[PDB]
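Chains, contacts and geometry: an overview
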Amino acid sequence: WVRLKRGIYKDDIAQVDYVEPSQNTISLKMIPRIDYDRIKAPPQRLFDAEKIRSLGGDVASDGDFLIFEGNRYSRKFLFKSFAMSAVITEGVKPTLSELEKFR
DNA sequence: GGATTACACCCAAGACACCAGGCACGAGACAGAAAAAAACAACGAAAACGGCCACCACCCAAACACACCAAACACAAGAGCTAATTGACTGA
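Residues numbered from 1 in each chain as written, not as in the entry; some residues may be left out. Chains lettered and ligands numbered in written order. Part of a larger assembly, values for the part shown. Heavy atoms only, no water.

Its PDB header names cryo-EM as the technique used to obtain the model and reports a resolution of 3.3 Å.

This is how it looks when you write it as structure tokens:
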């Protein structure tokens, strides 16, 4: 488990899904901190594919896969690649709430 | 009553004379000065020994100046006017 440093996902929990051997970027699973392009022209909430398909805009659909604004990849839950220098790989220690979410 | 005038009188010059006190020599011996050996203070030579006393700091108790600091500066009342992040950094 890691936490991103920059962007709109500062100090947000990310589950390390796949470690790419290239030692450049690692695939991370995140909860979308987005408003589905409704007010902007945000808390952590479950990803609503139908909402972003109804609102339209920059969106590409592959059934359970999605590519939307910000070059953001989502599946079923964002699965996006970020550099290890942009995350912290030591000292996250998630709680039971994050286990349910992902002496 | 000092001195004079007059009237008895007893103490001693002088006499020889008795003779043992006194004086000119003589001897056993003795208190003492000449000489010598040994302690001794009078009086000046130092020294120690206090000894007040005038220093050299010594230490604390004001005396005085100065300067820095903080806190104060009458009540009420009405109205209007303006500001209350800010250029800009960095992913995207």
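1. A word on a negative patch on the surface
In plain terms, the rule: For patch detection, residues must exceed 30% relative accessible area and be free of salt bridges, and they are connected within 9 Å for like charges or within 5 Å for nonpolar side chains (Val, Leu, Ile, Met, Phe, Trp, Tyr). Surface accessibility in these figures is a Shrake-Rupley result with a 1.4 Å probe; residues are shielded only by whichever protein chains are displayed. Here a salt bridge means any side-chain nitrogen of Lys or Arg lying within 4 Å of a carboxyl oxygen belonging to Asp or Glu. Here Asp and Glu are counted as negative and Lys and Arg as positive; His is not counted, and neither are the chain ends. Where a charge sits is defined by one atom per residue type, namely NZ (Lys), CZ (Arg), CG (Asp) or CD (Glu). Labels follow the DSSP assignment, with helices taken as runs of H or I lasting at least four residues and strands as runs of E lasting at least two, numbered in each case from the N terminus. The rule is simple: take the accessible area with a 1.4 Å probe, protein chains only, and divide by the maximum for that residue type; under 20% is buried, over 50% is exposed, in between is partly exposed.
Together, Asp-35, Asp-37, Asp-58 and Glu-69 make up a negatively charged patch on the protein surface. Its place among the elements puts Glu-69 in the loop between β5 (65-68) and β6 (72-75). Judged by relative accessible area, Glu-69 falls into the partly exposed class, the value being 44%.

2. Things to note about the environment of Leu-96
Mapped onto the secondary structure, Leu-96 falls in helix α2 (residues 96-101). Classification of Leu-96 by relative accessible area gives exposed; the value is 66%. Sequence spacing of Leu-96 and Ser-81 is 15 residues, and the spatial spacing of their C-alpha atoms is 25 Å.

3. Some remarks on unusual backbone geometry
Of note, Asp-11 is a non-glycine position whose phi angle comes to about 55 degrees, a positive value. Topologically, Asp-11 is positioned in the loop between β1 (2-3) and β2 (13-18). Here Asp-11 falls in the exposed class, since its relative accessible area comes to 53%. Backbone geometry places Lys-93, a non-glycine residue, at a positive phi of 50 degrees. Following the sequence through the fold, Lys-93 ends up in the loop between β7 (78-83) and α2. A relative accessible area of 75% means that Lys-93 is categorised as exposed.

4. A few points about the environment of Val-59
Locating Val-59 in the fold gives a position in strand β4 (residues 59-62). Taking C-alpha positions, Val-59 is 9.5 Å from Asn-71, a pair spaced 12 residues apart along the chain.

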